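Peer 1: I'd like to ask some things about the structure below.
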Amino acid sequence: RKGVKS
Amino acid sequence: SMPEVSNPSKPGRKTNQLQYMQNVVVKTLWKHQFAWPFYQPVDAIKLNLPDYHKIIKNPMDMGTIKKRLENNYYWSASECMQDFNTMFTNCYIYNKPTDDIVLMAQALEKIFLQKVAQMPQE
């Protein structure tokens, strides 16, 4: 549940 | 539990393999565009994860590994490998297989394994 990342 | 980076009773040194772990493996992974979630311990406050530290009881990150290498905390390169595998395993336990963080961990793990395979004999 850490979400969107680049 | 949270990980120490020094211990006066624990034998420590810097072998040619531990130098390789620092100067080749960690340094290569550090200069990767996907490394930034792993430079420091997972931050359950910034990420708002009330359960992270309930589920993950043996946290690990590359910043802790770097400090262990800088302190000559390890005796064997196998311990450094252990810490990397804890880091990756924790990520795969806590996150879902499609999440961005897992894809990033898998790319780093692929490079980790390639560099370890080319580690010289002691």
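Ordered as shown in the structure tokens, chains take letters A, B, and onward, while each chain numbers its residues from 1 and ligands are numbered from 1 in the order shown.
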Find the residues in chain B near chain A: any atom within 8 Å counts, using only C-alpha atoms. Write them as a PyMOL selection string.
Peer 2: chain B and resi 34+47+49+95-96+99-101
Peer 1: Taking only chain B into account, list the residues labelled alpha helix (DSSP H) by DSSP (computed from the backbone), as a ChimeraX atom specification.
Peer 2: /B:16-20,27-30,52-55,62-70,77-94,100-117
Peer 1: Can those selected residues be exported to a file as an mmCIF file, in the first residue's frame so that it contains C-alpha atoms?
Peer 2:
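The result, stored in out_33.cif:
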data_model
loop_
_atom_site.group_PDB
_atom_site.id
_atom_site.type_symbol
_atom_site.label_atom_id
_atom_site.label_comp_id
_atom_site.auth_asym_id
_atom_site.auth_seq_id
_atom_site.Cartn_x
_atom_site.Cartn_y
_atom_site.Cartn_z
ATOM 1 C CA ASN B 16 38.379 -8.724 -0.254
ATOM 2 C CA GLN B 17 34.805 -10.053 -0.599
ATOM 3 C CA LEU B 18 33.394 -7.479 1.808
ATOM 4 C CA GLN B 19 35.258 -4.743 -0.091
ATOM 5 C CA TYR B 20 33.596 -6.054 -3.265
ATOM 6 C CA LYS B 27 27.668 1.209 -4.918
ATOM 7 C CA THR B 28 26.187 -0.112 -8.170
ATOM 8 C CA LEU B 29 22.717 -0.457 -6.644
ATOM 9 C CA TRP B 30 22.990 3.004 -5.032
ATOM 10 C CA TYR B 52 4.204 -1.952 8.521
ATOM 11 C CA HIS B 53 6.120 -2.474 11.792
ATOM 12 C CA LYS B 54 3.537 -5.024 12.999
ATOM 13 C CA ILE B 55 4.057 -7.235 9.932
ATOM 14 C CA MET B 62 20.607 -0.284 2.016
ATOM 15 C CA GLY B 63 21.607 2.597 4.294
ATOM 16 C CA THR B 64 21.923 0.153 7.208
ATOM 17 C CA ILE B 65 23.959 -2.205 5.009
ATOM 18 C CA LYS B 66 26.254 0.693 4.020
ATOM 19 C CA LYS B 67 26.805 1.612 7.688
ATOM 20 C CA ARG B 68 27.569 -2.034 8.555
ATOM 21 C CA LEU B 69 30.202 -2.090 5.804
ATOM 22 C CA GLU B 70 31.606 1.285 6.930
ATOM 23 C CA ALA B 77 30.201 -11.330 2.769
ATOM 24 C CA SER B 78 27.450 -13.928 3.363
ATOM 25 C CA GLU B 79 26.085 -11.660 6.105
ATOM 26 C CA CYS B 80 25.830 -8.743 3.675
ATOM 27 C CA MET B 81 23.995 -11.013 1.240
ATOM 28 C CA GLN B 82 21.659 -11.962 4.115
ATOM 29 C CA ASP B 83 20.790 -8.321 4.711
ATOM 30 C CA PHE B 84 20.012 -7.720 1.031
ATOM 31 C CA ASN B 85 17.788 -10.785 0.977
ATOM 32 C CA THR B 86 15.965 -9.561 4.102
ATOM 33 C CA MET B 87 15.412 -6.198 2.434
ATOM 34 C CA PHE B 88 13.940 -7.783 -0.711
ATOM 35 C CA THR B 89 11.932 -10.445 1.142
ATOM 36 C CA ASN B 90 10.331 -7.819 3.387
ATOM 37 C CA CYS B 91 9.267 -5.795 0.360
ATOM 38 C CA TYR B 92 7.717 -8.840 -1.323
ATOM 39 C CA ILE B 93 5.936 -9.842 1.917
ATOM 40 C CA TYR B 94 4.407 -6.438 2.618
ATOM 41 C CA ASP B 100 5.512 -0.187 -8.248
ATOM 42 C CA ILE B 101 7.779 -0.816 -5.239
ATOM 43 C CA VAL B 102 7.935 -4.554 -6.002
ATOM 44 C CA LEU B 103 8.873 -3.990 -9.648
ATOM 45 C CA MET B 104 11.611 -1.651 -8.451
ATOM 46 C CA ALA B 105 12.858 -4.191 -5.911
ATOM 47 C CA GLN B 106 12.897 -6.911 -8.586
ATOM 48 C CA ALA B 107 15.070 -4.778 -10.879
ATOM 49 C CA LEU B 108 17.541 -4.117 -8.068
ATOM 50 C CA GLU B 109 17.519 -7.784 -7.023
ATOM 51 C CA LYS B 110 18.409 -8.824 -10.597
ATOM 52 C CA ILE B 111 21.483 -6.573 -10.508
ATOM 53 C CA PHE B 112 22.340 -7.718 -6.957
ATOM 54 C CA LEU B 113 22.346 -11.335 -8.102
ATOM 55 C CA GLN B 114 24.446 -10.619 -11.210
ATOM 56 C CA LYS B 115 27.099 -8.793 -9.188
ATOM 57 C CA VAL B 116 27.188 -11.448 -6.455
ATOM 58 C CA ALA B 117 27.673 -14.140 -9.095
#
Peer 1: Between atom CA of residue B:12 and atom CA of residue B:75, what is the distance, to one decimal in Å?
Peer 2: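 Taking atom CA of residue B:12 and atom CA of residue B:75, their separation equals 4.8 Å.
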Peer 1: Rounded to one decimal in Å, what is the spacing between atom CA of residue B:48 and atom CA of residue B:4?
Peer 2: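 That distance, rounded to one decimal, is 24.6 Å.
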Peer 1: Between atom CA of residue B:37 and atom CA of residue B:118, what is the distance, to one decimal in Å?
Peer 2: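 It comes out at 25.6 Å.
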Peer 1: Let me make sure I understand: among B:76, B:40, B:9, B:22, which one has the smallest atom-to-atom distance to residue B:60 if we use only C-alpha atoms?
Peer 2: B:40
